Amino acid sequence: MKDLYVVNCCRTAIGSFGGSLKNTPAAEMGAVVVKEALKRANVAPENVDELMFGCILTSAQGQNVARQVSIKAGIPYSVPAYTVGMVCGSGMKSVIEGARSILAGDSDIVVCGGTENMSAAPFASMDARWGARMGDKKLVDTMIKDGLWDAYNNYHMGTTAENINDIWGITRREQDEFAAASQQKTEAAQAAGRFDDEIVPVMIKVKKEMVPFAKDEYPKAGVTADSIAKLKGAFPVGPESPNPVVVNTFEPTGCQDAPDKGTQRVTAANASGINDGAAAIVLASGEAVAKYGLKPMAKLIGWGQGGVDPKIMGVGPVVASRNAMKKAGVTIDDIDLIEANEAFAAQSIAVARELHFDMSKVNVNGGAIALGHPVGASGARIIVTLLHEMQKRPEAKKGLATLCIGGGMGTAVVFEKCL
């Protein structure tokens, strides 16, 4: 009963940038998944003690998106809520914060998760308030600025991915095979309806009729490594060119030499996308599961965080997964299924070499290169996808979910399936 359980969880289908969910605000996407997750979990909204929700592109969305999600989902005014800002890890950080609240004795049921409408993030003028005076100024893209730009080195997350390519020695062909496998796996998962259970529909406007949006929009069919071998690079390499200078918070073991070192290898095809979507997780103590007769999907048996140099933020999961697995008392050989978010094939390859992933166990339904990456939500999204596939596989008894975080961190969670 001192244990922690995910009772149920679900996710929207993920929209393309400018696509089907562009007109569905983050708070509304969040409310859909929270109401549905409570429903499937058979938990009354008024028995929720707190809602914690990740969302980072909060510009002009009003006071406290998490509270907006909570109230719009039907949770009473008496239930507090707050917004979790940990860049791409926000949706998973909410789970860690919910778990801590329960273990501290402050709550027994916490709604966890995240939401992000990247399409809807606005442009900002820093000069308009007190005056431009004279001379052209900038309209800042808050999506790039707050979501995809490193605050300490003044370049894009894609340039940190090129840093990882140089330090770890990752060829362009390896990244393209990684991205091609991801699309191929998602195409197979979509043709099998593997996401049907975990997806909740969102009603969107198409002309004058409300229509359900319930299938992931971003995947591309017929993707091979060769077909994407001819794209140009999307990001500049780091100013430190083939030998970035970083401070290591762990000692890498999977570093090799590659012939394309110091050239553009990250492309639109081998990186994740910019996307819209949401995901919700109902977290409960054993006391709550027993008092309300709940039927949880899985026991949360460990969680972890990590910090790394911002220049190479994409290996955050290495520390975070190590901390979580040790709190769970397990090794990578005890893990049956893995969801390691595909921020970039560059960092995903590096993390897998460091953690000695068995690729046959990783992202078995494809990852964010195919499915998309709504930054504030994906940390919860990959948990949703992990737990549903474990539910499908009799033998998949322990799962790991982890993802990298802009600014140089990672989060990770380890689960044991319930039966």
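Per the PDB record, the structure was determined using X-ray crystallography to 1.8900 Å resolution.

The PDB entry lists the chain under the name Acetyl-CoA acetyltransferase, from Firmicutes bacterium. Per the PDB header, the title for this entry is "Crystal Structure Analysis of Acetyl-CoA acetyltransferase from Firmicutes bacterium".

**Structural notes on the overall build of the chain**
The helix and strand tally for the chain stands at 11 helices and 14 strands. Since a compact globule built from 419 residues should have a radius of gyration of about 22 Å, the 20 Å found for the chain is in line with a globular shape. Excluding contacts between residues fewer than 6 apart, the proportion of contacts in the chain whose partners are at least 24 apart in sequence is 82%.

**Some points on the pattern of salt bridges**
Counted by the stated rule, this structure contains 17 salt bridges. Where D216 meets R11, a salt bridge forms, and the shortest distance between an N and an O atom there is 2.9 Å. Here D216, found in the loop between β9 (209–213) and β10 (275–285), pairs with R11, found in strand β1 (residues 4–11); they are 205 residues apart in sequence, far enough to count as distant. The pair formed by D216 and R11 is uniform in burial state, with each residue classed as buried. When the shortest N-O distance is used, the salt bridge between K93 and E97 registers 3.0 Å. In this pair, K93 and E97 are both assigned in helix α3 (residues 90–104), 4 residues apart and thus about one turn of the helix distant. Take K93: its relative accessible area is 13%, and that puts it in the buried class. Linked by salt bridges that have partners in common, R11, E198 and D216 make up one network.

**Considerations on helix α8 (residues 316–327)**
Note that an α-helix has 3.6 residues per turn; residues three or four places apart therefore point the same way. Helix length check: α8, at 12 residues, gives a terminal C-alpha distance of 17 Å against a target of 16 Å (1.5 Å per residue), a fit within 8%. Residues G316, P317, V318, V319, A320, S321, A324 and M325 constitute the buried set of α8. Residues of α8 that are buried in the fold lie against β11 (298–307), α9 (345–355), β13 (398–405) and β14 (409–417). At the C-terminal side of α8, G329 shows a positive phi close to 65°.

**Quick word on the packing of aromatic side chains**
This model, assessed by the stated rule, comprises 2 aromatic pairs. When the centroid spacing of 6.3 Å and the interplanar angle of 40° are considered together, the rings of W168 and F250 count as tilted. Separated by 82 residues along the polypeptide, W168 in helix α5 (residues 157–168) and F250 in the loop between β9 and β10 bring together distant segments of the chain. Ring geometry for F235 and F344: centres 6.4 Å apart, planes at 80°, overall edge-to-face.

**A few points about α9**
The buried count for α9 comes to 11 of 11 residues, which makes it a mostly enclosed element. Buried within α9 are the following residues: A345, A346, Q347, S348, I349, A350, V351, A352, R353, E354 and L355. In this structure, the buried side of α9 is in contact with α5, α6 (172–191), α8, α10 (368–371) and β13.

**Examining the side chain of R381**
With respect to the helices, strands and loops of the structure, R381 is situated in helix α11 (residues 375–392). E339 is the oppositely charged side chain nearest to the buried, salt-bridge-free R381, at an N-O distance of 4.3 Å.

**A few points about the pairing of β1**
With 8 of 8 residues buried, β1 lies mostly within the body of the structure. Bridge analysis of β1 against β10 gives 7 bridges, and the strand direction is antiparallel. If you follow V6 over to β10, its bridge partner there is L283.

**Quick look at the environment of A66**
Position of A66 relative to the elements: it lies in helix α2 (residues 65–72). Put simply, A66 and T83 are 17 residues apart on the chain and 4.9 Å apart in space, counted from C-alpha to C-alpha. Aside from chain neighbours lying at most four places away, what touches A66 is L51, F53, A81, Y82 and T83.

**A look at the pairing of strand β8 (residues 202–206)**
Relative to β9, β8 runs antiparallel, the two being bridged by 5 bridges. Its bridge partner being in β9, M203 is matched across the sheet by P212. The turn linking β8 back onto β9 is made up of 2 residues, and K207 within it adopts a positive phi angle of 60°.

**Describing the state of the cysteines**
Taken as a whole and judged by the stated rule, the model has 0 disulfides. With no disulfide of its own, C404 lies 6.0 Å from the sulfur of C88, the closest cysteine sulfur. Residue classification places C404 among the buried positions, given a relative accessible area of 3%. Here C418 stays free of any disulfide, with the sulfur of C9 as its closest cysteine sulfur at 12 Å. You can call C418 partly exposed: its relative accessible area is 22%.

The rules we used
- Residue numbers count from 1 along every chain, following the sequence as written rather than necessarily the entry numbering; any residue without coordinates is not displayed.
- Only hydrogens and water are set aside; all other atoms, that is, all heavy atoms of the structure, feed into the side-chain values.
- Residues with missing side-chain atoms are left out of burial classes, side-chain pairs and their counts.
- Counting from the N terminus, the helices are the DSSP runs of H or I reaching at least four residues and the strands are the DSSP runs of E reaching at least two.
- Between the two quantities, the radius of gyration covers C-alpha atoms and the globule rule is 2.2 Å times the number of residues to the power 0.38.
- Throughout, a contact is declared for two residues whenever any of their heavy atoms are within 4.5 Å.
- Salt bridge, as used here: a side-chain nitrogen of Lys or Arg that lies within 4 Å of a carboxyl oxygen of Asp or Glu.
- Working definition: with a 1.4 Å probe on protein chains only, accessible area under 20% of the residue-type maximum means buried, over 50% means exposed, and in between means partly exposed.
- Expected span, for any helix, means 1.5 Å times one less than how many residues it has.
- Working definition: a ring pair exists when centres of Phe, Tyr or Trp rings (six-membered ring for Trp) sit within 6.5 Å. Plane angles under 30 degrees give stacked, over 60 give edge-to-face, the rest tilted.
- Counting rule applied: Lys, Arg positive; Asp, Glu negative; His and chain ends not counted.
- Two strands are said to pair when DSSP picks up at least two bridges between them.
- A pair of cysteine sulfur atoms is labelled a disulfide when the two atoms are within 2.5 Å.

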